[PDB]
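Everything below concerns the one structure shown next.
The chains carry the letters A, B, C, D, E and F, assigned in the order they are written, with residues numbered from 1 in each.
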Amino acid sequence: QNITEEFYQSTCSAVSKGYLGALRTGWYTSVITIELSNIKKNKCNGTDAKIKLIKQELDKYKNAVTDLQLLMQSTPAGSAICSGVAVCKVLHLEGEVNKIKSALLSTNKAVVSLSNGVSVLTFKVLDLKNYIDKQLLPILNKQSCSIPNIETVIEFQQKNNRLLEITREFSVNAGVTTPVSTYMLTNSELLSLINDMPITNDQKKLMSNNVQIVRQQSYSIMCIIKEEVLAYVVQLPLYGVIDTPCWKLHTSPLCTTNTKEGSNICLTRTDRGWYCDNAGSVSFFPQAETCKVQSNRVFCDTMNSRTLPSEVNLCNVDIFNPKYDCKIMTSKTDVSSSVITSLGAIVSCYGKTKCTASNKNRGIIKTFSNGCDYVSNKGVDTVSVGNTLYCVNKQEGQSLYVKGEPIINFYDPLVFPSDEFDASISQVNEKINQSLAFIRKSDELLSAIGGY
Amino acid sequence: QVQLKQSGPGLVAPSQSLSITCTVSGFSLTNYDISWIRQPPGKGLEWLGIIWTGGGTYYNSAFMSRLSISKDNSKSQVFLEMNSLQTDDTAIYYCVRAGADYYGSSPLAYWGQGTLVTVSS
Amino acid sequence: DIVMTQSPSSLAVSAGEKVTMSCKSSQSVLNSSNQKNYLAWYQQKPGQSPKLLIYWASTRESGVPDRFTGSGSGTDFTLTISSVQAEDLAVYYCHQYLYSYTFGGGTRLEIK
Amino acid sequence: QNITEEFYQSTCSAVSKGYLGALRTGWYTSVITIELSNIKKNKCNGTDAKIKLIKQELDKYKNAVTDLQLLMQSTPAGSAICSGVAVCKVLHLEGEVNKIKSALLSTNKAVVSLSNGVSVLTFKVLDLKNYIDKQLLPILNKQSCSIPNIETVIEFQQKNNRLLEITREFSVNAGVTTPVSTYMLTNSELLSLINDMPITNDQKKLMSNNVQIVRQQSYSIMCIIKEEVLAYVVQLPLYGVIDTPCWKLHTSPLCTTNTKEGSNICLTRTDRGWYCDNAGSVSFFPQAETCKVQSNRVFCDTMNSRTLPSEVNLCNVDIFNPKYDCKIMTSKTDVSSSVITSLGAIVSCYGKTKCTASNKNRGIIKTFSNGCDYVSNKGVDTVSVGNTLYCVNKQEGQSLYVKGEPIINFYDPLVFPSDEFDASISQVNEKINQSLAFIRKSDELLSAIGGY
Amino acid sequence: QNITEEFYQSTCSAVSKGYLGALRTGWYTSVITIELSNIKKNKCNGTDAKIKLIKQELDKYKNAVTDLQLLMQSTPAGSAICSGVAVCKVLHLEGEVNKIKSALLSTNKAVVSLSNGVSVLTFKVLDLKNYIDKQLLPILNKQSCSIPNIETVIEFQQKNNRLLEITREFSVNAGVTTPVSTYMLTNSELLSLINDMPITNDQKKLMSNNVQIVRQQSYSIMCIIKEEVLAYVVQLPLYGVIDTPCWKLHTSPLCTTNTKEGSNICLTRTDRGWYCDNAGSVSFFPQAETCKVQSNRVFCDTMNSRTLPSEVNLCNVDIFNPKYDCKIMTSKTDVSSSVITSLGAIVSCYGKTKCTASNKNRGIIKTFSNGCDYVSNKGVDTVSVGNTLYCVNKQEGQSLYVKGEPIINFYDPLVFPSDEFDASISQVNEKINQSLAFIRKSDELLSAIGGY
Amino acid sequence: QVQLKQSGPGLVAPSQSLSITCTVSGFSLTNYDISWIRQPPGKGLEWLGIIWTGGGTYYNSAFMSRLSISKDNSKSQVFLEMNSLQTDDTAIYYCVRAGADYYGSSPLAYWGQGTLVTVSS
């Protein structure tokens, strides 16, 4: 509940703490269906402007239907679309759409079991068939084309509008749209759907508190236009874990403070990103895009996560812990750079580059020395390095500065490796061992030279 | 300490709308869920929906068409309303609390003083 | 807007003497982008449109006499006429074009 | 049609054959023009809210015209924009807009030749000039300013809506929009435009079969607003090759089965992606974003493609063939991972990570051993590795498992290179030899210790 | 104005010149506010179609307000918001919304000073509160509930449309939407905002000349919805530098001309991208996405730029100058490739690949030899390498070809490094010296075979 | 050489609209800013807005409600119009030029021949 950032100068890395994350571990497919009308022939003769507008709207509807049929011809349109594709093929089988229609005739929501053996909730968001057949079809059939009420046209447009907006978003995306817009599924409809989902109370509460992340993680797959039914699968996320202890790790380059150019060796911890607890193991998220962050809850997605044993956490507080092998990168470029964490900023200055930290009212207040150093988030509102300007966030929480001797010091630059994208403490240790083995082999060579 | 005060009439004619308000004190509504449990005379308790911290609600499937729970954070107040009340719905209403997204939440710890509702004309 | 204050309002002088006028800016006219100063001296003869004399407080416009060459810094600038002439009976304006466009009062020169 | 996905355990790579691809190798540019009205002065004096709505719509139209003029000021806004830019500059010449204006006064389609020597079709999608001048201009001109019908206002808004949405898309996209929306070019208009292109019958048929991919590969460059003409160049693709034999190659890491850490050498073929036949040479597509797939028919873009000799084909069935030198990478990280092929999935397990394959009705059915192994797509429906979950696509077709000894076995870990990106079998044969030569000369050194 | 694109055959690099620059160094946050109406109860009892449409529109408005409240629950939703969310929490403080509400009562635009010590300009784009309370609220209050005319419904829809689209964009983007659409801020209102922004008149002119780039660089953060106010911070860019001399650097691989495979060493300068002059130092932009290019002014963004000493410019004209140590890449893959510069194209051909330069009328006119060669943009219009095809842009300007001996010649292939992501001339020469020291040590050893 | 020619009437009744036109020659309007400066009799100069190369305008804060400056590149013309002109606004009008975004320009070099405006009925 309280974020306690901890900066370790030993690696000069900032590990946040006290996050209540909620991993996404499943999907739930809802067959959202719209009842279309199979109207193709116009018979009444009317030159009125209102009748022309109605016919134009019907032409737009027919073109939308044809575009959806083309999208179906594009269908089937990992773990992201499968169950959407699986329901797409199931609805193609004879009788499945008829069973959906029969079940949803009585109510706008139902639970339907299909031939595949899976039961899914079906939601009738829009009933265009009823409106078309009951209101404008009688006028279109009679030769008079008797429309004395303009509002119906507008009403029709409104009733048609969503469908067009459904088709357009489909047409540009070829039947796979994400995030789910408010046209695929309204927020009220989505919230009403979360209650009918077969989940715990905790999951309903979690996905009702943060509904926007549900849309950001959702999907909408074109499935089938057939038998006066337009069915698309809305693939909502499923959070198996809730309020698990999650923490972020920000890493900044640590290079030697040597003034002479060339002797700069930079060691950056590569396990940068998010970590969460799940089933006794740590789910690691390297990409920062997958883990959305609300005020205190780190919503994530195990679609690309990596499972890890628990002792990886022991690598955060102990670099040389025998339990886990931390991952580091050895480079030579010592370009000054800063990273804005949740409760401050890490700033690495090398060479002749200047770094300043300034407050809004007090102006420039701090000048940074060589190396990587961390500044808190209260009383320091901006940090300028060279010519670039990173704003320090104003998030409220405890921050701890830990005095740590830089780990780059104990590694000799001459034998230190270069441009190693991903390594490990034992991996760099054995690289150093092999380099020193070459060194002592050369020592043996000169020893033989001296003795002979 | 924490406390819940319940206001609103209990007696209501059949097939009318019954309103009630639970005003909380000692905690922030933006952190505590607030359920609404019902105890018929000479019978156990039954659940009548809930409204979460974010304002969303999860009604009971039986009363989903009539039950209505709202919340205002600034006044720290919760509102319950039922429609088409019939003779069977005479009971005692408690604006019970909840916790967080965890077991260690003291599920239903601090209950209201309880408001009797006798549905009759 | 930044207000120009030029002095004196009138400056009587005889031919061949030296004339100096001073213009002050309410706020600093120096620009941090190009590192320049956005002030210009204009000369307006009677019945004639103004003629650009100086900009940057140092550079003169093409085709203007060399007797007008002022200088200054920050918020203080001065225009000096090395050799006053009979046909140089005109009103002189100092102008800023940094944050807006404004003009002074007009220093008047009269020969005697 | 019959997708024969063959998996080779020698490299544990899955090659999906039997694809009917349609490469694109050029563009055809249509000057889509809208006839605007140069109306700027309003003489109406009417306080009626209907006239207020008319004036508001006209103000929106004027602001759209001004925004398009700003976009023209942004004009000119490989091979993506050249043809649009070239027509943009040509239309800026005196009279070039006039000839297009005077060539379409009788038909909505014509092929006009400009001063550049290129003849192009000029579709006239929207004629706003006629509607503005013939319907609302007379109303504005008269001092009465009596709008006869509200449906006139609704029709004006509906007609202007396409222009407003085009302006919005251009403004947000700075004049270049892709994919082409249904506002720049309706699917019916696009289909009618494909028939008038000067291409074969096969190209027209293929384009009419897959119109969605045409939109995904299309462009809409704003060119010029001038002389009551808004012209933008919609440059559709052109498929010079149709139904060529195309095949996909998916590769998965192959590492040593040793449980001890540090002894795992991982090899992964880097030639993954798509391959197609074209003019006797293989067009290689390294990233999968360019080549869309629809019902065994792959569509590919040649801008990022690389030409290769045909012998690369025998690279797939023989990695040691002397005709071609395939591309591999050598890494040390042995993280268990799954890649979802077209007719199954490849899963590589190393260390303590667990991997399972399950059917939705039978539960867990298979447990994976160390190494890379492939599973079909029928009877197995999901694969869970560690904590992450992947699918197997429900595509139907023959899948062949080929027994192949792992190539990593013949590569000694001590001399195996690390962290390589784009090496090759002939590239990785002498640096090992040099290594053994490094050994050999070092074999001299202790011989120098022995024989002096 | 005159773009003097100079190509150096020494490293075969194309440096453009004469480019004016407008660097982005600040932000200006304007609190764009919409006056909502707190209406929750409907007293109407009419069943008319117009009344039903009005109720539907009001329900859409209420759902939009609820969605905005959920987005507020997502608030605070790295200076791109660090400055933007700082105004959100200020508006959360008691009385800070009320002062804006009171100050903007008289005028639709006013500078308001807040409790944070910073005064910002507030702009009332839409007064929905007045329209709701004065027009449809009286209709709702009366028991008759008679809409005066359908044009009122249409006007209500048009006014509410901006709010609905604002809510849609916020919901799909979780509040932070970029680029700023024409619904966030109309172009006329954006121009007025630029006029009322306190800046140098040069900045006002430069922003008024290129508003599209302003939109592309802009942001719109949802701050608050409270007290019948909907405030979102639109933070426009702030160009502290104008008309600074900028220049681009395009680099192409320079590999050995030997036909035998494996002997090709490829050098490609990694400092490619844009450079600008700023306060006596060069702002370097590693990637070309940040620096949008107009006809001659290359608008940029220092949020990702790197400061560099001035003498880096002398690196472009002299790669061996001791003033600056340029950045290169030493790879082995010699794939033929072309880069299309502003006034021509660089084409690198190696091995058996063929490269041709062709004109529209004259057809194929030039065949390229081994190495990297540059072709101008006049007299040549297309370049085809292998099976792929690029253009040459028809931009008008002087292009100078400079005869330069290939720098790759001076580097011996045996000791040349491989797959180096980012080297430097000092780094390359020092590792070359280390390798030569190694060969000297082996010479010492072979001599120690004798000598004794 | 370069030149500017001013047309349109100068005398106008009070509280009317006064128009004026400046036609340029010797340079392209699409490259040169064209300001508009005012000089009351017996007084120094003052600023009356400007229209940039791209067509945008920045009016004076005092005249923003009435001053209107437009331009057209093809005939190379600039148009000025003021509304609700009162007695105080009798002056001398100049369609002055400017330079580029960089300072290295002649700020107000080539002024118009001057159009007198005597606001009276």
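The working rule: contacts are C-beta pairs under 8 Å (C-beta built on N, C-alpha and C of every residue); 3 or more make two chains touch, one makes a residue touch a chain.
Heads up on the chains, UniProt names are A, D, E = Fusion glycoprotein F0.
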Count of contact steps on the shortest path from chain D (Fusion glycoprotein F0) to chain E (Fusion glycoprotein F0): 1
Distance-maximising chain from chain D (Fusion glycoprotein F0) - centres being C-alpha averages: C
Pair joined by the larger number of C-beta contacts - C-F, A-B: C-F
Chain whose Cα centroid lies nearest the overall Cα centroid: E
Chain C and chain D (Fusion glycoprotein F0): spacing of chain centres that average the CA atoms, whole Å: 63
Centroid spacing, where centroids are CA-atom means, of chain B and chain F in whole angstrom: 72
Whole-Å gap between the CA centroids of chain A (Fusion glycoprotein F0) and chain D (Fusion glycoprotein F0): 22
Multi-chain contact sites of chain D (Fusion glycoprotein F0), meaning residues that touch two or more partners: 70, 150, 154, 445, 448, 452
Touching two or more other chains - residues of chain B: 54
Sites on chain C at which at least two other chains make contact: 31, 34, 97, 100-101
In the complex with chain E (Fusion glycoprotein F0), residue positions of chain C that touch it: 31-34, 97-101
Complex contact set, residues of chain F against chain C: 35, 37, 43-47, 50, 94, 102-103, 106-109, 111-114
Touching residues on chain D (Fusion glycoprotein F0), where the partner in the complex is chain E (Fusion glycoprotein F0): 25-26, 49-50, 52-53, 56, 63, 66-67, 70-71, 74, 76, 78-79, 82, 85-86, 89, 116-118, 150, 153-154, 167-168, 171-172, 174-175, 278-279, 281, 283, 302-307, 309, 325, 420-422, 426-427, 441, 444-445, 448, 452
Parts of chain D (Fusion glycoprotein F0) lying in touch with chain A (Fusion glycoprotein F0), wherever the complex brings them together: 149-152, 154-155, 158, 179, 181-182, 186-188, 210-213, 215-216, 261-262, 294, 332-333, 335, 338, 340, 345, 352-353, 360-361, 386-394, 419, 442, 445, 448-449, 452
Complex contact set, residues of chain E (Fusion glycoprotein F0) against chain C: 198-202, 240-244
